[PDB]
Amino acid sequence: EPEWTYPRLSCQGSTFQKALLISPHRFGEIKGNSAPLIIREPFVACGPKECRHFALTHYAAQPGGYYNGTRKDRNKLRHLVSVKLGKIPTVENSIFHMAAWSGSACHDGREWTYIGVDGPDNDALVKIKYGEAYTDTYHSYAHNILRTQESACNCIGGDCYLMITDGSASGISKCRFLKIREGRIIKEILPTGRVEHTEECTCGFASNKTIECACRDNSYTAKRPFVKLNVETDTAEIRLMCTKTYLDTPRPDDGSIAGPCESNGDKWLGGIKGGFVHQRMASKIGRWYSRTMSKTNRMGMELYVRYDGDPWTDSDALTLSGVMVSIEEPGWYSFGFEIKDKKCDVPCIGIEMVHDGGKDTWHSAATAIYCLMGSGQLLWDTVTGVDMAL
């Protein structure tokens, strides 16, 4: 009878450092003998004794003969696979959990909960799996590509919270939050505040009663919608991040969005999932965010930190913490997760490093990990090492 998991104080530290790189395609050469899966939207989720590396595979390998459509996101073949953190995700190594083109997963400290989203675009569906059993589902409410976090959900006392969203990519996409337990939705929280477009939320626990989410707005602003979920009263409001250090992509010069906090600025059509994680201290609270180096393209990734304050109203720029990836390497989706050590949690930030070589070749990604270890300053950057011509 294990015990439910709760967020604890982070482990002693003051900087992030390169920890691990998973470059499956370093072994997919034509002259090689490996079958690394072609995937995208990878993230990490950790339980009390193990961390797992989830991803959305196109049910194809490299080398392989199904490179066509691997650039697309939604299709009937896509599946949510996963391997223990550290193993190369190969055909034989990974385990397929369910058909899905959008997903997330979390551990309530007793069992794994898998969330997948598939079905027709105008009527997609969320599927909750608790261990080996398919336990529940949620239907599309705005009837426009029901999608999910694309990163770990968050459990507490057996209660797991997950953002979902239905809505147009260029229009309105009011998100929701499902309170899950043992695999069955026990309540849906409808957020208030600026809710015209949230999605690909990167949620984490700021405290035992509050969950914050650095999310993505694809149509109205380069600013990041910020969710503050009160687990206590099970209510959630959203407001834009006030910092001049815009975390979306594309974005304009930092601080170039005149007006007050709520100001959307130019549309800057598009966005991207951003990494974000909490560092809980006895009396302080550090918020770590990721964001591509290029402000127009998904290249490079720099770390930013900001202790205490109110993301909703603080115009102050974030403190550049270092470069995790250079503008010469790809820097796509960024996510957050916390490794659980003896008596403290280790906040981490993973970076999807897509190997994009067009739409006439394979389309996959490597995963770079950076965690909070000791003091000093970020020392090294990460490269995939992959040549797409092999």
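Throughout, we count residues from 1 along the sequence that is shown.
When the C-alpha B-factors of 343-351 and 63-71 are averaged, 63-71 comes out higher. Two stretches are in play, 268-276 and 120-128, and the higher mean C-alpha B-factor belongs to 120-128.
Across the options 185, 115, 164, 281, the residue with the most elevated CA B-factor in the record is 281. Highest C-alpha temperature factor among 379, 19, 11, 366 per the entry: 11. Among all modelled residues in this chain, the alpha-carbon of residue 336 has a temperature factor (C-alpha) in the lowest third. Residue 319: CA B factor lies in the middle third for its chain, per the PDB record. When the modelled residues of the chain are ordered by their C-alpha B factor, residue 41 lands in the lowest third.
In this PDB entry, the Cα temperature factor of residue 215 sits in the bottom third of its chain's modelled residues, the lowest group. In the PDB entry, a CA B factor belonging to the middle third of its chain's modelled residues is recorded for residue 137.
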